[PDB]
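Chains as they are written, first to last, in full-length UniProt numbering: chain A, 791 to 1142; chain B, 791 to 1142; chain C, 791 to 1142; chain D, 791 to 1142.
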Ligand SMILES: *[C@@H]1O[C@H](CO)[C@@H](O)[C@H](O)[C@H]1NC(C)=O
Ligand SMILES: *[C@@H]1O[C@H](CO)[C@@H](O)[C@H](O)[C@H]1NC(C)=O
Ligand SMILES: *[C@@H]1O[C@H](CO)[C@@H](O)[C@H](O)[C@H]1NC(C)=O
């Protein structure tokens, strides 16, 4: 708790005791290493799960998906060692990571033998097997969405003084729609508080009342935001959560904005996204009762690239509500083009 | 907002951005300028308060006593320019700081006079007067409680922690029974959370769904704890708040103890009270079905120096709750002497 | 070795792994507390030296004087336990320290028995004897300079998790004239190189040239600066070293300035000498080739404190050169008063 | 600079002023920008070099090769925008990185076109040209090493080096084979001295003499170690410098070990080479005078991977020297296999 505290705004070097949080979403690339636990038990789990008619796993976040491409060789070799013919295939995730009903069973006992964890686990290869245990990817045709597992892992301990934090995880014996709290946090001082998650960072201020300031989205989950680590969980609803609750929208006075509602058809397809309260270049948003009602988020740019400099709506706190996507700006549901037809603009992917 | 941390149980160090809280209950605040609005307006408060039957004040906290005392002499000189004859007397604060049905009014007009109230170069005095506005102490007869005010102040600024360190203030224009949220510090992470203010420190560990861990009291206020800043506002009663809400007992699951109720008869008199869950020296608390019922906290130390060692109770949980006061050790209401008469021991006067 | 970092010039906070120097010049007062290892062997060495004709020891560093003063009692008691007729008297510290031809011999064997000294180092009782194994002091008549032992010691271990990190020395097995490398640390980074040790602190930077900026001289030694721990020791002249080599002047480009010759006649009688390049208060220096020639340095004021305000220099580059001592503001030799008799100028004592 | 320090063998901790070194070899540093002065000045320099007849550039180090990989596209776009037709093509660094005799001429005047590409990070295309100003890569035939430049840049300033982490370079006016000192750190404390730069990490231990302890290499350059930035620069011979000076072998007694000689023919082709004084896995080294004389470094294993169990040496001192790279474990010149056919010994190709 002994800290370098140096007030950047006022240049105040100080130290003492308290609690400390750090912005790791941008520093995530060079801070984190992940892995499963007991790969033999995981081989037992995948084998047993295969006995339950399980296709694969549709990862909800990039953290888990990046895990499942780490012990694929070791998992396949362990399956080979005990004679289990099972090949795991891992593809690419696509936002918004949808909700899979199945859940990975938990073995009651490990495989009868196997000690490949000693020495060499990485540089291992084995021939494919007819059976495929797919992970993410565009294998929607190979198997439907109802045979895929989802949110069947946990974080018990992470962080190490080895320059590269190694994270311990294991298959859930429980069923949950809630996002993992081991890697979430917020706290408040005076006028400022912020909701922080590995794939979601949210800025909350107190200008007049407690409101929202900004949010960044690297990944597009489908779990639920908690209330225990949420501030002011008393007197708040889901519709005003600009972040959809189904998309893990916090239930706080700090997750609400005036003149705007939950955005379910937003650019939940974009791999990367940010919610900035700024008019996108060359686009001025108006507020007029004459304007149209809400509609699916339309990108600021037409397919031809021409920009639309006139956007309107009825009951918005002007001017901006635009998603900072890689492909451009997506505007909120209330904001709709004033003159450009709503069918001409790049409509957001169906992600309600 | 950029500082570091050095964990105790682990030597790992790392840092960047973050939010930070500090503890200032051990240091009993610190030397602060204590500008109440304007000293001329503060003096003009008492002319009309005194006129409408306010013969004294019951200070809510020790800060307030410091504040009135620190300007007591100057208050006598501000009113020398106009035909006002008052003399302010500030006495030691008796605990627990009972309430005052009156409040300090808010003058609407200023007295035309020199503005030398603040920053005077000394060399000035005032004329004493028979009528006395008694501020706490032993002026119960000189001023009835019904004519005393209380909790009639509101904090505005408490910054300038580098050089000026002024606790700027204003008479709260609003009759508030709750405490002031500004100087409160709190946050929760992992298995830990802790509230903090100018007179109290609170700890909360995720022992089993959170509970009461340890707190210290340097002053027994009689305000109330706001919910929008306390964890789990919903889901706790005021009776199981081991701190009576009357004493600003927080309304949170984190503020409660198994087998212990609100300690209304606790030693809220001892100017300082440290709340620790531990057997006091030389006492063995028992859990017997045949023990006695609740009662006012009996100090573990007798007036003659003898100490009653073996105590019992019917609904306790280890470790026992004993108020570590300068007066000695005081146990909870639930824990009574096994067989030594409660009359002989130093009973805690009913502190409701 | 990891650690914090704060560069106040840019406020750049850093943490990694490497080496960490410290500025301990101000901490010479109470940096260390210790005695030489096996004071019995040092007593044997002192007896052998005295038998060999070592009337005294000329302390080379104030650290050595501190150690000798601290260990005087234990050494005396060791001498008088074995029956040795020797009293070790440790005098004051006079600047500049002057060399001692002789050295402390390493004793072939320790004294037959000196266990009573074990655990009896500071609070040590003994008597006096006719023979005085003086240690520096104002005893030039008694033990002349040529008959004093000097720089015949070494350092084994220093630095610890304590304010007074115990230092263990050793009777130098052989001759030596250089200074101690173990307590030296240095390096260069961009535009700043600093030469620092237990008693000195020298600065340098590249202002279109690597020149001298400021040097703090708590003491005045005569050993030689080692090359193994020096920067840019290639192509530098003694006469341009503002600090002469005879007073332990580093041999580096960073230890010289332009338009100024070596200062061999400066206030080298000053106990504490700090060197800065800034105009002396209450005076001014002109670049006048008609000024005085080279010679002893002068104090800015007269004996009575009269401020000699008129000064000049043959070819100095403004700002001028002056010595800051406890005595007062002393000028460089190249600067002379435009109009002041040499009788009114205090000449810096010069010792060879 | 205010930092801290925590010991590893011990647990001593402390914070204070000083200077701090940081090892970025294993820590893998951070991302860097590598801005080459004014992009148009670089374009003019390369155009003038091509007019002179410079066919390409030899990236001395991996940092400069990454700089050219980051600067290629925008330089080509700038060239095509101006009346210039020359394409820059980069590739992979080949070890050992070879020298070049040419330097990029400093342009007299900037190319006549608009300035819009300060630190332009790609994302602009250009028309290919038959003429190519190849950079490193494998275009040896297209641009012979004769007309390949080498060390044509110098680091100027490291502005915003904590987060922005940008290294700004400019075309050197004068020729210089020397490496870059600004990115070199070193000092000595007690019995350890360490030499390192942006690419190299050398550990020297004092074991009865200042001796090397370990040497790790992530690249293979050909510049030269500056003397001002190393220790014990006297009484050192190249033959005992295990690292050849041609490999920027530091000139210090710390760079030599007894019983061995310079290794100018070792596995310097390795992209990563870690030198450890230890027997190669599955191999035994002995000291036999009848052993083969010094010869090219041989991988401990064979081409098929067979391990040589018996090894001999004429003058080696245990533990034996071995180069630990991804290719495998090697042996020095003095260490020859005791009895093994020379065909199966993977010689290190001569690095001339
Ligand atoms: C923000 O500052 C204060 C606090 O809410 C208020 O006066 C103001 O209206 C707020 N909004 C703006 C746009 O300044
Ligand atoms: C160096 O110092 C001189 C005068 O001492 C000053 O004019 C100049 O600006 C300084 N800086 C540089 C980079 O020369
Ligand atoms: C290393 O340790 C010390 C000197 O540094 C000494 O005892 C020992 O002999 C040295 N040599 C070896 C091989 O450890």
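The beta carbon of each residue, even a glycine, is placed where N, CA and C say it ideally should be.
Check your understanding: Relative to ligand 1, is the shortest distance from any of its heavy atoms to the C-beta of residue 997 of chain A smaller than 6 Å?
Key -> At least one heavy atom of ligand 1 is nearer than 6 Å to the Cβ of residue 997 of chain A, so yes.
Point to revise | Neighbourhood of residue 1071 of chain D by C-beta distance below 8 Å, restricted to the same chain and skipping five residues each side | key: So the list reads 1090, 1097, 1119, once near-sequence residues are dropped.
Point to revise | Alpha carbon of residue 1065 of chain B to alpha carbon of residue 1108 of chain B, nearest angstrom | key: Rounded to the nearest whole angstrom, the C-alpha separation of residue 1065 of chain B and residue 1108 of chain B is 14 Å.
Check your understanding: Where residue 821 of chain D and residue 932 of chain D are concerned, what is the direct C-alpha to C-alpha distance, given to the nearest angstrom?
Key -> Each residue's Cα considered, the two are about 31 Å apart.
Exercise for review: Give the C-beta separation of residue 1052 of chain A and residue 1014 of chain A to the nearest angstrom, bearing in mind that I take them to be a contact with Cβ-Cβ under 8 Å.
Suggested key: Rounded, the Cβ-Cβ distance is 14 Å, inconsistent with contact.
**Study point:** residue 1084 of chain B and residue 1139 of chain B closer than 7 Å at C-beta
**Key:** No.
Check your understanding: Is it buried or exposed for residue 1056 of chain C, if we count other Cβ within 10 angstroms and need 16 for buried?
Key -> Around the beta carbon of residue 1056 of chain C, a 10 Å sphere encloses 16 or more other beta carbons of the protein chains shown; the residue is thus reported as buried.
Review point. Should residue 1063 of chain B and residue 1113 of chain B be called a contact, given that it needs their Cβ atoms to be closer than 7 Å?
Key: Yes, the Cβ-Cβ distance between residue 1063 of chain B and residue 1113 of chain B is below 7 Å.
Practice item. List the whole-angstrom C-beta distance separating residue 1044 of chain D from residue 1115 of chain D, where the pair is believed to meet the contact cut-off of C-beta under 8 Å. Key: Separation of the CB atoms of residue 1044 of chain D and residue 1115 of chain D is rounded to 23 Å, and the pair is thereby denied contact status at 8 Å.
Exercise for review: Could you tell me if residue 1040 of chain B is buried or exposed, where buried requires 16 or more neighbouring beta carbons within 10 angstroms of its beta carbon?
Suggested key: Classification for residue 1040 of chain B: buried.
Check your understanding: To the nearest whole angstrom, what separates the beta carbons of residue 923 of chain A and residue 878 of chain A, a pair I think is in contact under 8 Å?
Key -> Correct: roughly 5 Å between the Cβ atoms.
Practice item. Select from the region 974 to 999 of chain C all residues with a C-beta closer than 8 Å to any C-beta belonging to chain D, and list them in chain order. Key: Here the close residues are 975, 976, 977, 978, 979, 980.
Review point. According to the Cβ coordinates, are residue 979 of chain A and residue 883 of chain B closer than 7 Å?
Key: Contact: no.
**Study point:** Below-7 Å beta-carbon distance, residue 1012 of chain C vs any chain A residue
**Key:** Cβ-Cβ to chain A under 7 Å: no for residue 1012 of chain C.
Practice item. Using the Cα positions of residue 886 of chain B and residue 791 of chain C, report the straight-line distance between them to the nearest angstrom. Key: Each residue's alpha carbon lies about 52 Å from the other.
Practice item. Determine the extent of the beta strand (DSSP E) in which residue 806 of chain B is found, giving its start and end residues. Key: Going by DSSP, residue 806 of chain B is part of the beta strand (DSSP E) stretching over 803 to 807.
Exercise for review: Determine the contact status of residue 907 of chain B and residue 829 of chain B, defining contact as a CB-CB distance below 7 Å.
Suggested key: Result yes, Cβ atoms of residue 907 of chain B and residue 829 of chain B sit closer than 7 Å.
Check your understanding: What in chain D is Cβ-close to residue 1060 of chain C, meaning under 8 Å?
Key -> Here the premise fails: no neighbours, minimum Cβ distance about 25 Å.
Exercise for review: Name the residue from C/971, C/965, C/966, C/939 whose alpha carbon lies nearest to the alpha carbon of residue 947 of chain C.
Suggested key: Closest by C-alpha distance to residue 947 of chain C, out of C/971, C/965, C/966, C/939, is C/971.
Practice item. Tell me residue 969 of chain B's beta-bridge partners as DSSP assigns them. Key: Bridge partners of residue 969 of chain B: none, in fact.
Exercise for review: Give every residue of the same chain whose Cβ lies closer than 6 Å to the Cβ of residue 1054 of chain A, excluding the five residues on either side of it in the sequence, and list them in chain order.
Suggested key: Taking residue 1054 of chain A as the centre and dropping the five residues before and after it, the same chain places the C-beta of 1034, 1142 closer than 6 Å to its C-beta, in chain order.
Practice item. May I have the straight-line CA-CA distance separating residue 1082 of chain D from residue 1025 of chain D, to the nearest angstrom? Key: Their Cα atoms are separated by approximately 29 Å.
Practice item. In angstroms with no decimal places, state the Cα-to-Cα distance between residue 1163 of chain C and residue 992 of chain C. Key: Since the first residue of chain C shown is 791 and the last is 1142, residue 1163 of chain C is not available in this structure.
Check your understanding: Are three or more beta carbon pairs between the region 935 to 945 of chain B and the region 864 to 874 of chain B nearer than 8 Å?
Key -> Three or more beta-carbon pairs separated by less than 8 Å are not found between the region 935 to 945 of chain B and the region 864 to 874 of chain B, which leaves the two stretches without contact.
Review point. Is the shortest distance between the beta-carbon of residue 794 of chain A and the beta-carbons of chain C less than 7 Å?
Key: When Cβ-Cβ separations below 7 Å define contact, residue 794 of chain A makes contact with chain C.
Review point. Does the distance from the C-beta atom of residue 1088 of chain A to that of residue 1021 of chain A stay below 7 Å?
Key: Not a contact, by the Cβ cut-off of 7 Å.
Practice item. Kindly list, in the order they appear in chain D, the residues whose Cβ is closer than 8 Å to that of residue 802 of chain C. Key: 951, 952, listed in chain order.
**Study point:** Proximal residues of chain B, C-beta to C-beta of residue 805 of chain C below 9 Å
**Key:** Within 9 Å Cβ-Cβ: 794, 803, 804, 805.
**Study point:** chain A within 7 Å of residue 1018 of chain B, Cβ atoms only
**Key:** At a cut-off of 7 Å, the C-beta of residue 1018 of chain B has a neighbouring C-beta in chain A.
Check your understanding: What number of angstroms, rounded off, separates the C-alpha of residue 768 of chain A from the C-alpha of residue 1058 of chain A?
Key -> No answer is possible for residue 768 of chain A: it lies beyond the span of chain A, which begins at 791 and ends at 1142.
Point to revise | Limits of the alpha helix (DSSP H) - the one that residue 863 of chain D falls within | key: In this chain, the alpha helix (DSSP H) harbouring residue 863 of chain D covers 852 to 871.
Point to revise | Span of the alpha helix (DSSP H), counted from its first residue to its last, around residue 837 of chain A | key: First-last of the alpha helix (DSSP H) with residue 837 of chain A: 829 to 841.
Point to revise | Interface residues of chain C facing residue 822 of chain D [CB-CB closer than 8 Å] | key: Here the premise fails: no neighbours, minimum Cβ distance about 15 Å.
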